[PDB]
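# Breakdown of the fold
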Amino acid sequence: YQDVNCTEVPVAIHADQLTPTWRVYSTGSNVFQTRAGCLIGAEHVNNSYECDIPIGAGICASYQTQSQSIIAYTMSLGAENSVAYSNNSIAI
Amino acid sequence: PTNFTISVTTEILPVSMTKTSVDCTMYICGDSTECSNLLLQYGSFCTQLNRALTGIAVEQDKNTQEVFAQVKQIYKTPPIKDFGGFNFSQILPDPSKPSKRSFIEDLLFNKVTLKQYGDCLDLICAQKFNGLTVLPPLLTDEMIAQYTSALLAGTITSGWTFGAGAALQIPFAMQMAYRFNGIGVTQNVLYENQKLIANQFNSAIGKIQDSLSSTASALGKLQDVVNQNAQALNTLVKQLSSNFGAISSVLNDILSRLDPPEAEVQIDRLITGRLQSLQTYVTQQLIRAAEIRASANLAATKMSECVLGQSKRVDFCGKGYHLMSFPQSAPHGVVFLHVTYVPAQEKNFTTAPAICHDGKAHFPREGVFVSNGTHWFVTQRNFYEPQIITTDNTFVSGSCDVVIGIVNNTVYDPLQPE
Amino acid sequence: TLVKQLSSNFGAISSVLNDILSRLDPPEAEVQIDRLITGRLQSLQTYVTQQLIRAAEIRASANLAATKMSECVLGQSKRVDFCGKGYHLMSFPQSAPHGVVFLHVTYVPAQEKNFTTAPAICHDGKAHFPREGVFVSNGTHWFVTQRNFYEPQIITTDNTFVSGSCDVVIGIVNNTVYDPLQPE
Ligand SMILES: *[C@@H]1O[C@H](CO)[C@@H](O[C@@H]2O[C@H](CO)[C@@H](O[C@@H]3O[C@H](CO)[C@@H](O)[C@H](O)[C@@H]3O)[C@H](O)[C@H]2NC(C)=O)[C@H](O)[C@H]1NC(C)=O
Ligand SMILES: *[C@@H]1O[C@H](CO)[C@@H](O[C@@H]2O[C@H](CO)[C@@H](O)[C@H](O)[C@H]2NC(C)=O)[C@H](O)[C@H]1NC(C)=O
Ligand SMILES: *[C@@H]1O[C@H](CO)[C@@H](O[C@@H]2O[C@H](CO)[C@@H](O)[C@H](O)[C@H]2NC(C)=O)[C@H](O)[C@H]1NC(C)=O
Ligand SMILES: *[C@@H]1O[C@H](CO)[C@@H](O[C@@H]2O[C@H](CO)[C@@H](O)[C@H](O)[C@H]2NC(C)=O)[C@H](O)[C@H]1NC(C)=O
Ligand SMILES: *[C@@H]1O[C@H](CO)[C@@H](O[C@@H]2O[C@H](CO)[C@@H](O)[C@H](O)[C@H]2NC(C)=O)[C@H](O)[C@H]1NC(C)=O
Ligand SMILES: *[C@@H]1O[C@H](CO)[C@@H](O[C@@H]2O[C@H](CO)[C@@H](O)[C@H](O)[C@H]2NC(C)=O)[C@H](O)[C@H]1NC(C)=O
Ligand SMILES: *[C@@H]1O[C@H](CO)[C@@H](O)[C@H](O)[C@H]1NC(C)=O
Ligand SMILES: *[C@@H]1O[C@H](CO)[C@@H](O)[C@H](O)[C@H]1NC(C)=O
Ligand SMILES: *[C@@H]1O[C@H](CO)[C@@H](O)[C@H](O)[C@H]1NC(C)=O
Ligand SMILES: *[C@@H]1O[C@H](CO)[C@@H](O)[C@H](O)[C@H]1NC(C)=O
Ligand SMILES: *[C@@H]1O[C@H](CO)[C@@H](O)[C@H](O)[C@H]1NC(C)=O
Ligand SMILES: *[C@@H]1O[C@H](CO)[C@@H](O)[C@H](O)[C@H]1NC(C)=O
């Protein structure tokens, strides 16, 4: 849901005149507040993989086999690295 | 020329624009059942619009991935050590500044002037209720500064070697010496004048920020991409007051005064008139995306060649002779800081093509022949540093009759005294 | 899409042109025919505009491919990352349907080593700078190498050139320079 809180979804979509099947995608236990709306139905992991399905604002999603479920995560820019610098040292 | 100058210049380039989406039924009919049932015997002029708009939207992320994700090893800014006398403080990120962006980027983000559904319940809510939505970009403003701080921290540590393989460290002075040697001048010119060049660079960096602090029309290209994408969406909503030959422009004053057979003649005029506005909007967006794409490709080439290397192409990376560049991120764009070497106060001299010693013609290996009135020296062409004509500054070819302006002088054998 | 767009009645009574001409007389039919005509011209115009817009991208890709053929295949480019990743050696073209495929050959440096470096050498009152490579040390001796491949040599007067004295260069070290013709 694009620009709503995760506690105003029931009132913004009128989640009382909808079918009971549509009313499972407006409740808790899986709500996740991204910066691009509210995401419902995806399990939030704390790792960082490559982007599979771009959601937005730095959040991607994929279909993993933890049995199977949709997980949302924060994309990683790359592999961290550092270079040893000094004023009398080269590498050839 | 006898002296030089270090000059830092600025270039600004758009990379991307806003991503939008349009709901056909909500814009045309607007939660009406008499309409949107008449807008079903019309054709497929609503899937073909959202194909084009999605093709536009998903390309603005490739635009950014091309420019900024050049290298995917996030090098870390080393604790600022001595760089020979150079002070990269205003461009390297500060720990305390918001979103770990540098001083110059903080200056740049303020100049360019870019709502929860709980607040709409102005002109943004008027276009949100009519189906027009603005999507968010994939790569946030904190993920671009981290790419830029790695592009800018690999190049002041390793040099040109991290855009061609593994990063190999090298002292900064011994990197600027090779960069000098790549434009014609020699190493001793830098190694003997290091403090002056460091001071010139540090005093040239401290003028860009002063320019950016008292000039409103600095980022003029990056504001005209955010003005037009708002003007279009504001015109698309003002276009809902037009009755394209119908009795009224309001759809609830036609359905409350006429019965279906007499109303379908006005509804079918409003539908036809409101599809044309959407088609015009889509065509203009398709036309502007093709310019933003070209600017993104130019910025990607400029990032690859001016920042990750050193270009010989004239006026491609500034004015003068190119030494290095540093990137900074601006909203919906990129800013390059080019460093160039400009020759300075020069002098007149008398020149010759060759030297006729005793029946031979000596030509210079690298420089030119000059005279201070009564003596002849050999210099390098981009900096006055005279020497003595010997057999290891020149080479012999032919005799003294084919060369037109050949003069007579002496060439000193280096090993003859011994 | 241009053919599926023929099932639309743009406000007319029907989308089939033979069910309007078989049920209405000309004065009553020209009002529906003139709606179908107007609606079927718009689809052609949209198609033409979109084709004109896509041709302008295909043209840009063709120009890029022509420049890349001229510079990567018929020569050797110094432009970075224009003809691959690394340092460019050569390229070979292959033809693909509606396109082109370039095979770029590049030289990538490999397993590297650490060394201690200096800007200049102070022999006896002079400062020697290297002609091509860099000065390195294996801990106790000083050599001159080329910067893109470790191949050490001996510091002589035909690897270096003299300029100035040993006070302006910041990190100058002291060593010896071997005269090549002094033994003779
Ligand atoms: C090449 O040009 C540079 C300028 O780009 C010359 O450097 C300048 O040298 C002069 C004289 O040494 C400096 O003037 C000094 O100013 C200070 C006050 O700032 C004063 O206390 C000193 O007594 C003196 O008047 C000038 O500031 C300095 N400029 C820079 C940026 O360092 C350089 O001498 C020229 N070299 C040749 C070969 O002509
Ligand atoms: C690099 O330049 C910056 C910006 O000028 C220096 O930071 C400050 O500079 C001003 C004037 O140069 C001083 O008054 C401040 O004391 C400096 N420090 C602070 C608190 O920001 C910075 O010191 C320079 N770096 C070096 C190595 O001298
Ligand atoms: C051209 O340069 C030469 C070389 O520097 C000058 O020759 C010197 O002139 C001075 C005059 O006081 C003598 O003391 C030096 O011994 C001369 N040679 C050396 C070794 O520098 C020559 O005079 C210059 N000509 C002009 C007109 O400036
Ligand atoms: C440069 O040197 C040549 C000799 O290599 C000079 O040429 C001679 O000029 C005279 C007339 O002045 C002739 O009689 C000789 O035959 C020429 N050649 C010989 C064999 O010496 C030439 O004049 C010199 N030019 C100058 C003085 O700038
Ligand atoms: C640095 O390299 C020099 C030159 O190769 C080494 O000097 C040699 O050391 C070996 C030790 O067994 C001697 O047998 C050789 O005679 C030495 N010189 C020659 C001609 O190769 C020096 O030891 C090296 N230093 C280190 C620490 O590796
Ligand atoms: C490198 O060589 C210079 C000489 O060219 C050494 O400089 C001398 O240092 C001593 C003090 O250690 C002074 O008393 C002398 O006046 C200096 N110059 C002379 C004329 O010898 C310098 O120390 C050497 N550096 C080293 C050992 O790496
Ligand atoms: C809406 O979300 C914000 C944080 O995004 C929170 O501060 C606010 O209390 C929420 N509103 C509610 C829970 O009514
Ligand atoms: C992710 O981190 C947060 C904060 O520590 C924690 O509350 C949450 O349980 C973590 N989730 C996972 C997948 O471990
Ligand atoms: C060189 O000579 C020209 C013509 O005699 C003169 O105009 C100029 O001022 C001189 N000095 C220069 C170019 O530095
Ligand atoms: C330069 O031109 C003058 C005038 O024609 C002539 O006398 C002189 O010989 C020329 N010098 C050269 C080196 O061509
Ligand atoms: C060179 O030295 C650095 C720092 O001491 C070290 O991390 C690296 O493994 C060494 N060897 C290389 C770069 O081949
Ligand atoms: C390198 O830095 C160290 C630490 O400041 C200093 O002692 C040393 O003299 C420097 N060497 C050169 C060649 O600048």
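The scheme used for residues numbers each chain from 1 in its written sequence order. That scheme is not guaranteed to match the entry numbering, and residues without coordinates are omitted from view. For naming, the first written chain is A and the first written ligand is 1, with later ones following in the order written. This view holds some of the chains of a larger assembly, and the values cover only those chains. For side-chain calculations, the full set of non-hydrogen atoms in the structure is used, while hydrogens and water are omitted.

Method of determination for the deposited model, per the PDB record: cryo-EM, at 3.1 Å resolution.

Helix and strand content of chain C: 1 helix and 10 strands. Under the scheme used here, helices are H or I runs from DSSP no shorter than 4 residues and strands are E runs no shorter than 2 residues, and both carry numbers assigned from the N terminus. For chain C, the succession of helices and strands along the chain, N to C, is α-β-β-β-β-β-β-β-β-β-β. Its C-alpha atoms give chain C a radius of gyration of 37 Å, clearly above 16 Å, the size a compact globule of 184 residues would have. Projected onto the principal axes, the alpha-carbon positions of chain C cover approximately 120 × 35 × 25 Å. Only protein chains enter the calculation, and the probe is 1.4 Å; a residue is then buried if its accessible area is under 20% of its type maximum, exposed if over 50%, and partly exposed in between. The buried share of chain C, reckoned over its 184 residues, is 28%. The contact criterion used throughout is that any non-hydrogen atoms of two residues lie within 4.5 Å. Within chain C, counting contacts between residues at least 6 apart in sequence, those at least 24 apart form 39% of the total. Radius of gyration: over C-alpha atoms. The globule rule applied is 2.2 Å multiplied by the number of residues raised to the 0.38 power.

Below, the discussion takes up the interface of chain B and chain A. The partner chain A presents 29 residues to the 32 residues of chain B that form the contact. Throughout, the accessible surface (probe 1.4 Å) given up by two parts as they are put together, summed over both, is called the buried area. Here chain B packs against chain A, burying approximately 2700 Å² in sum over the two surfaces, 60% of which is carbon and sulfur. Looking at the side of chain B facing chain A, the largest losses of area belong to B:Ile74, B:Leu138 and B:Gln169, adding up to 24% of the total buried there. Salt bridge, as applied in this entry: a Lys or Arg side-chain nitrogen positioned within 4 Å of an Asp or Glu carboxyl oxygen. Summed over the shared surface of chain B and chain A, the number is 2 salt bridges. The partner of B:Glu142 in a salt bridge is A:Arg35, and the shortest N-O contact between them spans 3.5 Å. The leading source of residues in the side of chain B that touches chain A is helix α7 (residues 141-154) of chain B, at 4 residues. Of the residues contributing to the side of chain B that touches chain A, the split by class is 17 nonpolar, 8 polar and 7 charged. We treat two strands as partners when DSSP finds at least two bridges between them. Across 3 bridges, the pairing between strand β7 (residues 79-81) of chain A and strand β3 (residues 73-75) of chain B is parallel. Throughout, the ten residues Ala, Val, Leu, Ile, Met, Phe, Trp, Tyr, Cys and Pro are labelled nonpolar, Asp, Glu, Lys and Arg are labelled charged, and all others, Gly among them, are labelled polar.

Attention now moves to the pairing of strand β9 (residues 361-364) of chain B. Residues and elements named next belong to chain B. In this sheet, β9 lies alongside strand β8 (residues 355-356) in antiparallel orientation, the contact comprising 2 bridges. Looking at β9, one finds that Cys356 is bridged to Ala361. The turn linking β8 back onto β9 is made up of 4 residues, and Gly359 within it adopts a positive phi angle of 130°. Pairing geometry for β9 and strand β13 (residues 394-396), over 3 bridges, is antiparallel. Bridge pairing links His362 to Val396 in β13.

Glancing now at the site of ligand 1. Around ligand 1, a shell composed of B:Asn3, B:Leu196 and B:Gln200 is seen. Side-chain atoms alone can form a polar contact between residues adjacent in sequence; in general such a contact is a pair of N or O atoms within 3.5 Å, and within protein one must be able to donate a hydrogen while the other accepts it. At a separation of 3.1 Å, an oxygen atom of ligand 1 approaches a polar side-chain atom of B:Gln200. By convention in this text, a residue qualifies as near a molecule or strand provided that one of its non-hydrogen atoms is within 4 Å of it.

A word on the pattern of salt bridges. In this structure the tally under the stated criterion is 10 salt bridges over all chains. Residues participating in the shared-partner salt-bridge network are B:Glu305, B:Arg313, C:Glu71 and C:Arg79.

Residue and element names in this part refer to chain B. A pair of sulfur atoms, both from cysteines and within 2.5 Å, is called a disulfide here. Throughout the structure, instances matching the rule amount to 9 disulfides over all chains. The partner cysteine of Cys306 in its disulfide is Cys317, sulfur to sulfur 2.0 Å. Taking the torsion about the S-S bond as the criterion, the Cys306 to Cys317 disulfide, at about -80°, is left-handed. Of this pair, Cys306 sits in helix α12 (residues 260-307) while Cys317 sits in the loop between α12 and β5 (321-330), and the two are 11 residues apart along the sequence. For the pair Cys306 and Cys317, a shared accessibility class is recorded, and that class is buried. Between the sulfur atoms of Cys356 and its disulfide partner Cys400 the distance amounts to 2.0 Å. Because the sign of the S-S torsion sets the handedness, a value of about 95° for the bond joining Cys356 and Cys400 places this disulfide among the right-handed ones. Note that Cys356 is positioned in strand β8 and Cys400 in the loop between β13 and β14 (407-408), a separation of 44 residues in sequence. Accessibility expressed as a relative area gives 10% for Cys356, which makes it buried. Residue classification places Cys400 among the partly exposed positions, given a relative accessible area of 23%. Across chain C, the way the bonded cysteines pair up, counted in sequence order, is 1-2, 3-4.

Once that is clear, we can look at the sheet that holds strand β4 (residues 53-56) of chain A. Residues and elements named next belong to chain A. Across the sheet, 4 strands lie side by side as β3-β6-β5-β4; this open sheet has mixed pairing. In this open sheet, the two strands that pair with only one neighbour each are β3 (43-44) and β4. As paired strands, β4 and strand β5 (residues 59-64) are joined by 3 bridges and run antiparallel to one another. Of the residues in β5, the one forming a bridge with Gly56 is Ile59.

Let's shift gears to a nonpolar patch on the surface. Taken together, the side chains of C:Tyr87, C:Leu89, C:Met90, C:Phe92, C:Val101, C:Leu103, C:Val105, C:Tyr107 and C:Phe149 make up a nonpolar region of the molecular surface, amounting to roughly 780 Å² of accessible area. Inspection of the secondary structure assignment puts C:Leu103 in strand β2 (residues 99-107). Patches here: salt-bridge-free residues with over 30% relative accessible area, like charges joined within 9 Å, nonpolar side chains (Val, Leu, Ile, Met, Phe, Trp, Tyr) joined within 5 Å. Per-residue and other accessible areas follow the Shrake-Rupley method at a 1.4 Å probe size, with only the shown protein chains counted as cover for residues.

This brings us to the side chain of B:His338. Residues and elements named next belong to chain B. On the secondary structure map, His338 appears in strand β6 (residues 333-343). Within the structure, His338 has its side chain in polar contact with the side chain of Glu11 (distance 3.4 Å). Setting aside residues no more than four positions away along its own chain, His338 makes contact with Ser7, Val8, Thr9, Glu11, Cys306, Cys317, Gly318, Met324 and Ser325.

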